[PDB]
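Text of target09.cif, listed as mmCIF, N, CA and C atoms and all ligand atoms:
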data_my_file
loop_
_atom_site.label_atom_id
_atom_site.label_comp_id
_atom_site.auth_asym_id
_atom_site.auth_seq_id
_atom_site.Cartn_x
_atom_site.Cartn_y
_atom_site.Cartn_z
N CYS I 154 -13.59 -10.84 -15.35
CA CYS I 154 -12.42 -9.92 -15.54
C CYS I 154 -12.24 -9.66 -17.04
N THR I 155 -12.10 -8.39 -17.42
CA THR I 155 -11.91 -8.02 -18.82
C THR I 155 -10.54 -7.36 -19.01
N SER I 156 -9.61 -7.56 -18.07
CA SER I 156 -8.25 -7.06 -18.21
C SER I 156 -7.32 -8.18 -18.69
N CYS I 157 -7.81 -9.42 -18.70
CA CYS I 157 -7.04 -10.57 -19.17
C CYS I 157 -7.98 -11.55 -19.88
N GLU I 158 -7.40 -12.62 -20.45
CA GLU I 158 -8.17 -13.65 -21.17
C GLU I 158 -8.04 -15.00 -20.45
N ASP I 159 -7.77 -14.97 -19.14
CA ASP I 159 -7.66 -16.20 -18.31
C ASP I 159 -9.06 -16.77 -18.03
N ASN I 160 -10.11 -16.10 -18.53
CA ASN I 160 -11.51 -16.43 -18.25
C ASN I 160 -11.67 -16.66 -16.75
N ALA I 161 -11.11 -15.74 -15.95
CA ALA I 161 -11.05 -15.90 -14.50
C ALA I 161 -12.19 -15.10 -13.90
N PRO I 162 -12.78 -15.55 -12.77
CA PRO I 162 -13.81 -14.78 -12.09
C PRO I 162 -13.19 -13.51 -11.51
N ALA I 163 -13.89 -12.38 -11.67
CA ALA I 163 -13.55 -11.14 -11.01
C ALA I 163 -13.87 -11.28 -9.52
N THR I 164 -12.86 -11.02 -8.67
CA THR I 164 -12.98 -11.09 -7.22
C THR I 164 -12.74 -9.70 -6.61
N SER I 165 -12.42 -8.72 -7.47
CA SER I 165 -12.22 -7.34 -7.04
C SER I 165 -12.80 -6.36 -8.07
N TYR I 166 -12.87 -5.09 -7.69
CA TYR I 166 -13.36 -4.03 -8.53
C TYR I 166 -12.48 -2.79 -8.30
N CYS I 167 -11.98 -2.19 -9.38
CA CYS I 167 -11.25 -0.94 -9.29
C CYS I 167 -12.19 0.24 -9.53
N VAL I 168 -12.23 1.17 -8.57
CA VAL I 168 -13.14 2.29 -8.56
C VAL I 168 -12.78 3.24 -9.70
N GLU I 169 -11.49 3.59 -9.83
CA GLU I 169 -11.05 4.60 -10.80
C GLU I 169 -11.30 4.08 -12.23
N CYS I 170 -11.00 2.80 -12.45
CA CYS I 170 -11.17 2.18 -13.76
C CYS I 170 -12.63 1.76 -14.00
N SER I 171 -13.42 1.63 -12.92
CA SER I 171 -14.76 1.04 -12.97
C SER I 171 -14.71 -0.31 -13.70
N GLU I 172 -13.83 -1.20 -13.20
CA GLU I 172 -13.56 -2.49 -13.84
C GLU I 172 -13.49 -3.59 -12.79
N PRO I 173 -14.20 -4.72 -13.00
CA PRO I 173 -13.96 -5.93 -12.22
C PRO I 173 -12.62 -6.55 -12.67
N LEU I 174 -11.85 -7.07 -11.71
CA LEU I 174 -10.53 -7.65 -11.94
C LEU I 174 -10.43 -9.00 -11.23
N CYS I 175 -9.73 -9.96 -11.85
CA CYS I 175 -9.30 -11.20 -11.20
C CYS I 175 -8.11 -10.91 -10.29
N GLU I 176 -7.74 -11.88 -9.45
CA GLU I 176 -6.63 -11.69 -8.50
C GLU I 176 -5.32 -11.41 -9.26
N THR I 177 -5.08 -12.09 -10.38
CA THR I 177 -3.83 -11.86 -11.16
C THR I 177 -3.77 -10.40 -11.65
N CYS I 178 -4.90 -9.90 -12.16
CA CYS I 178 -4.96 -8.54 -12.67
C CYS I 178 -4.93 -7.52 -11.53
N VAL I 179 -5.43 -7.87 -10.34
CA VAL I 179 -5.28 -6.99 -9.18
C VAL I 179 -3.78 -6.82 -8.88
N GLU I 180 -3.04 -7.93 -8.85
CA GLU I 180 -1.61 -7.89 -8.57
C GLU I 180 -0.88 -7.04 -9.63
N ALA I 181 -1.27 -7.18 -10.90
CA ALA I 181 -0.67 -6.37 -11.97
C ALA I 181 -1.00 -4.89 -11.75
N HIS I 182 -2.25 -4.61 -11.37
CA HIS I 182 -2.73 -3.23 -11.14
C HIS I 182 -1.85 -2.56 -10.08
N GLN I 183 -1.48 -3.34 -9.06
CA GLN I 183 -0.70 -2.84 -7.92
C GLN I 183 0.76 -2.61 -8.31
N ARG I 184 1.23 -3.29 -9.36
CA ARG I 184 2.66 -3.27 -9.78
C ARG I 184 2.93 -2.18 -10.82
N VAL I 185 1.92 -1.81 -11.60
CA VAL I 185 2.08 -0.80 -12.64
C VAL I 185 1.96 0.59 -12.01
N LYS I 186 2.94 1.45 -12.26
CA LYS I 186 3.02 2.70 -11.49
C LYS I 186 1.76 3.56 -11.68
N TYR I 187 1.17 3.57 -12.88
CA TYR I 187 0.04 4.48 -13.16
C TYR I 187 -1.22 4.05 -12.39
N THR I 188 -1.31 2.77 -12.03
CA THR I 188 -2.52 2.22 -11.40
C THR I 188 -2.29 1.81 -9.94
N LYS I 189 -1.05 1.91 -9.44
CA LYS I 189 -0.72 1.34 -8.13
C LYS I 189 -1.52 2.01 -7.00
N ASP I 190 -1.98 3.25 -7.19
CA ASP I 190 -2.69 4.01 -6.15
C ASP I 190 -4.21 3.91 -6.34
N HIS I 191 -4.68 3.10 -7.29
CA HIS I 191 -6.12 2.93 -7.52
C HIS I 191 -6.75 2.25 -6.30
N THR I 192 -8.02 2.58 -6.07
CA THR I 192 -8.85 2.00 -5.04
C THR I 192 -9.45 0.69 -5.56
N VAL I 193 -8.90 -0.43 -5.10
CA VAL I 193 -9.35 -1.73 -5.52
C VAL I 193 -10.06 -2.36 -4.32
N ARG I 194 -11.31 -2.78 -4.53
CA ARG I 194 -12.16 -3.33 -3.48
C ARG I 194 -12.43 -4.81 -3.75
N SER I 195 -12.43 -5.63 -2.70
CA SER I 195 -12.81 -7.04 -2.81
C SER I 195 -14.32 -7.13 -3.05
N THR I 196 -14.73 -8.03 -3.94
CA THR I 196 -16.12 -8.37 -4.17
C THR I 196 -16.32 -9.83 -3.77
N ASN M 151 22.77 -6.73 -17.01
CA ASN M 151 23.53 -5.43 -16.86
C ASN M 151 22.73 -4.41 -16.03
N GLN M 152 21.40 -4.30 -16.26
CA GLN M 152 20.58 -3.26 -15.60
C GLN M 152 19.50 -3.89 -14.71
N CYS M 153 19.20 -3.24 -13.59
CA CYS M 153 18.03 -3.60 -12.79
C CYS M 153 16.79 -2.89 -13.33
N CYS M 154 15.65 -3.57 -13.16
CA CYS M 154 14.34 -2.95 -13.24
C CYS M 154 14.20 -1.98 -12.06
N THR M 155 13.75 -0.75 -12.34
CA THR M 155 13.50 0.21 -11.27
C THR M 155 12.02 0.60 -11.23
N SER M 156 11.16 -0.25 -11.80
CA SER M 156 9.70 -0.04 -11.73
C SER M 156 9.08 -0.96 -10.67
N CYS M 157 9.90 -1.77 -10.02
CA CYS M 157 9.52 -2.53 -8.84
C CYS M 157 10.70 -2.53 -7.86
N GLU M 158 10.49 -3.15 -6.70
CA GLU M 158 11.48 -3.18 -5.62
C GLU M 158 12.12 -4.58 -5.50
N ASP M 159 12.04 -5.39 -6.57
CA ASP M 159 12.51 -6.77 -6.55
C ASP M 159 14.03 -6.81 -6.80
N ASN M 160 14.65 -5.67 -7.14
CA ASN M 160 16.04 -5.63 -7.64
C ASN M 160 16.25 -6.74 -8.67
N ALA M 161 15.33 -6.82 -9.63
CA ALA M 161 15.30 -7.88 -10.62
C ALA M 161 16.01 -7.42 -11.89
N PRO M 162 16.60 -8.33 -12.70
CA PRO M 162 17.24 -7.93 -13.95
C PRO M 162 16.20 -7.43 -14.95
N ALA M 163 16.51 -6.32 -15.62
CA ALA M 163 15.71 -5.85 -16.73
C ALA M 163 16.04 -6.72 -17.95
N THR M 164 15.00 -7.25 -18.61
CA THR M 164 15.11 -8.04 -19.82
C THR M 164 14.53 -7.27 -21.01
N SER M 165 13.93 -6.12 -20.72
CA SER M 165 13.12 -5.38 -21.68
C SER M 165 13.20 -3.88 -21.37
N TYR M 166 12.69 -3.07 -22.30
CA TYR M 166 12.41 -1.68 -21.98
C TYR M 166 11.10 -1.26 -22.63
N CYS M 167 10.43 -0.35 -21.93
CA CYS M 167 9.21 0.25 -22.43
C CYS M 167 9.55 1.63 -22.99
N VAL M 168 9.18 1.86 -24.24
CA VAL M 168 9.42 3.13 -24.92
C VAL M 168 8.61 4.25 -24.25
N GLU M 169 7.32 4.02 -24.02
CA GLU M 169 6.43 5.09 -23.52
C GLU M 169 6.79 5.45 -22.08
N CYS M 170 7.16 4.45 -21.27
CA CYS M 170 7.57 4.66 -19.90
C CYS M 170 9.03 5.12 -19.82
N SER M 171 9.82 4.85 -20.87
CA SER M 171 11.27 5.08 -20.87
C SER M 171 11.90 4.42 -19.63
N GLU M 172 11.60 3.13 -19.45
CA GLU M 172 11.99 2.37 -18.26
C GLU M 172 12.42 0.96 -18.67
N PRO M 173 13.56 0.45 -18.14
CA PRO M 173 13.88 -0.97 -18.22
C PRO M 173 12.93 -1.75 -17.31
N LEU M 174 12.47 -2.91 -17.77
CA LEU M 174 11.50 -3.70 -17.03
C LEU M 174 11.98 -5.14 -16.89
N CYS M 175 11.74 -5.71 -15.71
CA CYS M 175 11.94 -7.12 -15.45
C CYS M 175 10.78 -7.91 -16.04
N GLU M 176 10.93 -9.24 -16.07
CA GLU M 176 9.90 -10.12 -16.62
C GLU M 176 8.57 -9.94 -15.88
N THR M 177 8.60 -9.82 -14.55
CA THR M 177 7.34 -9.68 -13.78
C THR M 177 6.64 -8.37 -14.17
N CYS M 178 7.41 -7.28 -14.30
CA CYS M 178 6.85 -5.99 -14.67
C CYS M 178 6.35 -5.99 -16.13
N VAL M 179 7.01 -6.75 -17.02
CA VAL M 179 6.54 -6.86 -18.39
C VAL M 179 5.15 -7.51 -18.39
N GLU M 180 5.02 -8.61 -17.65
CA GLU M 180 3.75 -9.34 -17.55
C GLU M 180 2.66 -8.42 -16.97
N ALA M 181 3.00 -7.64 -15.95
CA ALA M 181 2.02 -6.72 -15.33
C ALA M 181 1.60 -5.67 -16.36
N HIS M 182 2.58 -5.17 -17.13
CA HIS M 182 2.34 -4.15 -18.15
C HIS M 182 1.24 -4.60 -19.12
N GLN M 183 1.25 -5.90 -19.44
CA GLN M 183 0.34 -6.51 -20.39
C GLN M 183 -1.08 -6.63 -19.83
N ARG M 184 -1.24 -6.65 -18.49
CA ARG M 184 -2.54 -6.90 -17.83
C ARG M 184 -3.23 -5.62 -17.32
N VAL M 185 -2.62 -4.47 -17.54
CA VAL M 185 -3.22 -3.23 -17.12
C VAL M 185 -3.61 -2.50 -18.39
N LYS M 186 -4.88 -2.10 -18.50
CA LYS M 186 -5.38 -1.57 -19.76
C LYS M 186 -4.58 -0.34 -20.20
N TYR M 187 -4.18 0.51 -19.24
CA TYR M 187 -3.46 1.75 -19.54
C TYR M 187 -2.10 1.49 -20.23
N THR M 188 -1.47 0.34 -19.94
CA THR M 188 -0.13 0.04 -20.44
C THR M 188 -0.10 -1.10 -21.47
N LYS M 189 -1.23 -1.76 -21.73
CA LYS M 189 -1.27 -2.97 -22.55
C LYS M 189 -0.68 -2.74 -23.95
N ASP M 190 -0.86 -1.54 -24.50
CA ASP M 190 -0.46 -1.21 -25.87
C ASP M 190 0.89 -0.48 -25.90
N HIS M 191 1.59 -0.39 -24.77
CA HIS M 191 2.95 0.18 -24.74
C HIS M 191 3.89 -0.68 -25.60
N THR M 192 4.88 -0.01 -26.17
CA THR M 192 5.92 -0.63 -26.95
C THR M 192 7.00 -1.15 -26.00
N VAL M 193 6.89 -2.44 -25.65
CA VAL M 193 7.84 -3.11 -24.80
C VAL M 193 8.75 -3.96 -25.70
N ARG M 194 10.05 -3.72 -25.59
CA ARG M 194 11.04 -4.31 -26.48
C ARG M 194 11.99 -5.17 -25.64
N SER M 195 12.22 -6.42 -26.04
CA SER M 195 13.22 -7.27 -25.40
C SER M 195 14.61 -6.70 -25.70
N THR M 196 15.52 -6.79 -24.73
CA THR M 196 16.87 -6.30 -24.91
C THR M 196 17.78 -7.51 -25.06
ZN ZN A 201 -7.78 -10.75 -15.12
ZN ZN A 202 -7.73 0.94 -11.84
ZN ZN A 203 10.27 -4.92 -12.18
ZN ZN A 204 5.17 1.38 -20.44
#
Please rewrite the model in this file as structure tokens.
Ligand SMILES: [Zn+2]
Ligand SMILES: [Zn+2]
Ligand SMILES: [Zn+2]
Ligand SMILES: [Zn+2]
Amino acid sequence: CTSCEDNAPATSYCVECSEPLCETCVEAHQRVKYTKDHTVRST
Amino acid sequence: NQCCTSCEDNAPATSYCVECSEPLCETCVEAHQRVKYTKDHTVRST
């Protein structure tokens, strides 16, 4: 995950951002209005 | 005094974001920091 510095494994991928995300950053992605409608897929 | 209206938690706003022009609760502030689009927003404690 390169959206945080928790050195956490990416367990998801956002299509629009083309970014792997950890579970914490997925939850943040869903809470922020600009990103809440992004297509986030489990990896 | 104010609720955060950027989530449905009916949580107290402790901050405001200049770029969003929105009061934010602690959970929303933390989320703001973890999303690349909002990470550099000017979030000010109230
Ligand atoms: Zn992360
Ligand atoms: Zn995204
Ligand atoms: Zn909130
Ligand atoms: Zn903002």
Could you list the protein, DNA and RNA residues that have any atom within 6.5 Å of ligand ZN 202 (chain A), counting all atoms listed in the file, and write them as an mmCIF file with N, CA and C atoms, in the coordinates of the input?
data_model
loop_
_atom_site.group_PDB
_atom_site.id
_atom_site.type_symbol
_atom_site.label_atom_id
_atom_site.label_comp_id
_atom_site.auth_asym_id
_atom_site.auth_seq_id
_atom_site.Cartn_x
_atom_site.Cartn_y
_atom_site.Cartn_z
ATOM 1 N N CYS I 167 -11.980 -2.190 -9.380
ATOM 2 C CA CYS I 167 -11.250 -0.940 -9.290
ATOM 3 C C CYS I 167 -12.190 0.240 -9.530
ATOM 4 N N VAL I 168 -12.230 1.170 -8.570
ATOM 5 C CA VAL I 168 -13.140 2.290 -8.560
ATOM 6 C C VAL I 168 -12.780 3.240 -9.700
ATOM 7 N N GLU I 169 -11.490 3.590 -9.830
ATOM 8 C CA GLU I 169 -11.050 4.600 -10.800
ATOM 9 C C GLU I 169 -11.300 4.080 -12.230
ATOM 10 N N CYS I 170 -11.000 2.800 -12.450
ATOM 11 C CA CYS I 170 -11.170 2.180 -13.760
ATOM 12 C C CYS I 170 -12.630 1.760 -14.000
ATOM 13 N N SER I 171 -13.420 1.630 -12.920
ATOM 14 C CA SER I 171 -14.760 1.040 -12.970
ATOM 15 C C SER I 171 -14.710 -0.310 -13.700
ATOM 16 N N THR I 188 -1.310 2.770 -12.030
ATOM 17 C CA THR I 188 -2.520 2.220 -11.400
ATOM 18 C C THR I 188 -2.290 1.810 -9.940
ATOM 19 N N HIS I 191 -4.680 3.100 -7.290
ATOM 20 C CA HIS I 191 -6.120 2.930 -7.520
ATOM 21 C C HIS I 191 -6.750 2.250 -6.300
ATOM 22 N N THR I 192 -8.020 2.580 -6.070
ATOM 23 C CA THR I 192 -8.850 2.000 -5.040
ATOM 24 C C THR I 192 -9.450 0.690 -5.560
#
From a DSSP pass on the backbone, collect the residues of chain I flagged as strand (DSSP E or B) and hand them back as JSON, numbers by chain. {"I": [165, 166, 167, 172, 173, 174, 193, 194, 195]}
Collect all residues with atoms no farther than 8 Å from ligand ZN 204 (chain A), counting only N, CA and C atoms and all ligand atoms, and output them as a ChimeraX atom specification. /M:166-172,182,187-193
At a cut-off of 10 Å, which residues of chain I touch chain M? Count only C-alpha atoms and give the answer as a list in words. residues 155, 156, 157, 158, 170, 174, 177, 178, 179, 180, 181, 182, 183, 184, 185, 186, 187 and 188 of chain I
Deliver the residues from the most recent selection as a file, using N, CA and C atoms, as an mmCIF file, in the coordinates of the input.
data_model
loop_
_atom_site.group_PDB
_atom_site.id
_atom_site.type_symbol
_atom_site.label_atom_id
_atom_site.label_comp_id
_atom_site.auth_asym_id
_atom_site.auth_seq_id
_atom_site.Cartn_x
_atom_site.Cartn_y
_atom_site.Cartn_z
ATOM 1 N N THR I 155 -12.100 -8.390 -17.420
ATOM 2 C CA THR I 155 -11.910 -8.020 -18.820
ATOM 3 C C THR I 155 -10.540 -7.360 -19.010
ATOM 4 N N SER I 156 -9.610 -7.560 -18.070
ATOM 5 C CA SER I 156 -8.250 -7.060 -18.210
ATOM 6 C C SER I 156 -7.320 -8.180 -18.690
ATOM 7 N N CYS I 157 -7.810 -9.420 -18.700
ATOM 8 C CA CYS I 157 -7.040 -10.570 -19.170
ATOM 9 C C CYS I 157 -7.980 -11.550 -19.880
ATOM 10 N N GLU I 158 -7.400 -12.620 -20.450
ATOM 11 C CA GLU I 158 -8.170 -13.650 -21.170
ATOM 12 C C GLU I 158 -8.040 -15.000 -20.450
ATOM 13 N N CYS I 170 -11.000 2.800 -12.450
ATOM 14 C CA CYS I 170 -11.170 2.180 -13.760
ATOM 15 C C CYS I 170 -12.630 1.760 -14.000
ATOM 16 N N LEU I 174 -11.850 -7.070 -11.710
ATOM 17 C CA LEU I 174 -10.530 -7.650 -11.940
ATOM 18 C C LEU I 174 -10.430 -9.000 -11.230
ATOM 19 N N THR I 177 -5.080 -12.090 -10.380
ATOM 20 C CA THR I 177 -3.830 -11.860 -11.160
ATOM 21 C C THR I 177 -3.770 -10.400 -11.650
ATOM 22 N N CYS I 178 -4.900 -9.900 -12.160
ATOM 23 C CA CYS I 178 -4.960 -8.540 -12.670
ATOM 24 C C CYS I 178 -4.930 -7.520 -11.530
ATOM 25 N N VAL I 179 -5.430 -7.870 -10.340
ATOM 26 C CA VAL I 179 -5.280 -6.990 -9.180
ATOM 27 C C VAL I 179 -3.780 -6.820 -8.880
ATOM 28 N N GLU I 180 -3.040 -7.930 -8.850
ATOM 29 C CA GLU I 180 -1.610 -7.890 -8.570
ATOM 30 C C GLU I 180 -0.880 -7.040 -9.630
ATOM 31 N N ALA I 181 -1.270 -7.180 -10.900
ATOM 32 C CA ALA I 181 -0.670 -6.370 -11.970
ATOM 33 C C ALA I 181 -1.000 -4.890 -11.750
ATOM 34 N N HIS I 182 -2.250 -4.610 -11.370
ATOM 35 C CA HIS I 182 -2.730 -3.230 -11.140
ATOM 36 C C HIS I 182 -1.850 -2.560 -10.080
ATOM 37 N N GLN I 183 -1.480 -3.340 -9.060
ATOM 38 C CA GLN I 183 -0.700 -2.840 -7.920
ATOM 39 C C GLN I 183 0.760 -2.610 -8.310
ATOM 40 N N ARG I 184 1.230 -3.290 -9.360
ATOM 41 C CA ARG I 184 2.660 -3.270 -9.780
ATOM 42 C C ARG I 184 2.930 -2.180 -10.820
ATOM 43 N N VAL I 185 1.920 -1.810 -11.600
ATOM 44 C CA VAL I 185 2.080 -0.800 -12.640
ATOM 45 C C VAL I 185 1.960 0.590 -12.010
ATOM 46 N N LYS I 186 2.940 1.450 -12.260
ATOM 47 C CA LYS I 186 3.020 2.700 -11.490
ATOM 48 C C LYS I 186 1.760 3.560 -11.680
ATOM 49 N N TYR I 187 1.170 3.570 -12.880
ATOM 50 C CA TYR I 187 0.040 4.480 -13.160
ATOM 51 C C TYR I 187 -1.220 4.050 -12.390
ATOM 52 N N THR I 188 -1.310 2.770 -12.030
ATOM 53 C CA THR I 188 -2.520 2.220 -11.400
ATOM 54 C C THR I 188 -2.290 1.810 -9.940
#
One decimal, in Å: what's the spacing between CA of residue 161 in chain I and CA of residue 190 in chain I? 23.2 Å
Within chain I, find each residue whose DSSP state, derived from the backbone, is helix (DSSP H, G or I), and express the selection as a short mmCIF file (atom, residue, chain, number, x, y, z; two decimals) with N, CA and C atoms, keeping the file's coordinate frame.
data_model
loop_
_atom_site.label_atom_id
_atom_site.label_comp_id
_atom_site.auth_asym_id
_atom_site.auth_seq_id
_atom_site.Cartn_x
_atom_site.Cartn_y
_atom_site.Cartn_z
N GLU I 176 -7.74 -11.88 -9.45
CA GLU I 176 -6.63 -11.69 -8.50
C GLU I 176 -5.32 -11.41 -9.26
N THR I 177 -5.08 -12.09 -10.38
CA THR I 177 -3.83 -11.86 -11.16
C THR I 177 -3.77 -10.40 -11.65
N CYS I 178 -4.90 -9.90 -12.16
CA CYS I 178 -4.96 -8.54 -12.67
C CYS I 178 -4.93 -7.52 -11.53
N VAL I 179 -5.43 -7.87 -10.34
CA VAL I 179 -5.28 -6.99 -9.18
C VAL I 179 -3.78 -6.82 -8.88
N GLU I 180 -3.04 -7.93 -8.85
CA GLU I 180 -1.61 -7.89 -8.57
C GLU I 180 -0.88 -7.04 -9.63
N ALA I 181 -1.27 -7.18 -10.90
CA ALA I 181 -0.67 -6.37 -11.97
C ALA I 181 -1.00 -4.89 -11.75
N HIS I 182 -2.25 -4.61 -11.37
CA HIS I 182 -2.73 -3.23 -11.14
C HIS I 182 -1.85 -2.56 -10.08
N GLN I 183 -1.48 -3.34 -9.06
CA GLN I 183 -0.70 -2.84 -7.92
C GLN I 183 0.76 -2.61 -8.31
N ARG I 184 1.23 -3.29 -9.36
CA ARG I 184 2.66 -3.27 -9.78
C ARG I 184 2.93 -2.18 -10.82
#
Selection near residue 162 in chain I, 7 Å with all atoms listed in the file, sequence-local residues under 5 positions removed, as a list in words: residues 154, 174, 175 and 176 of chain I
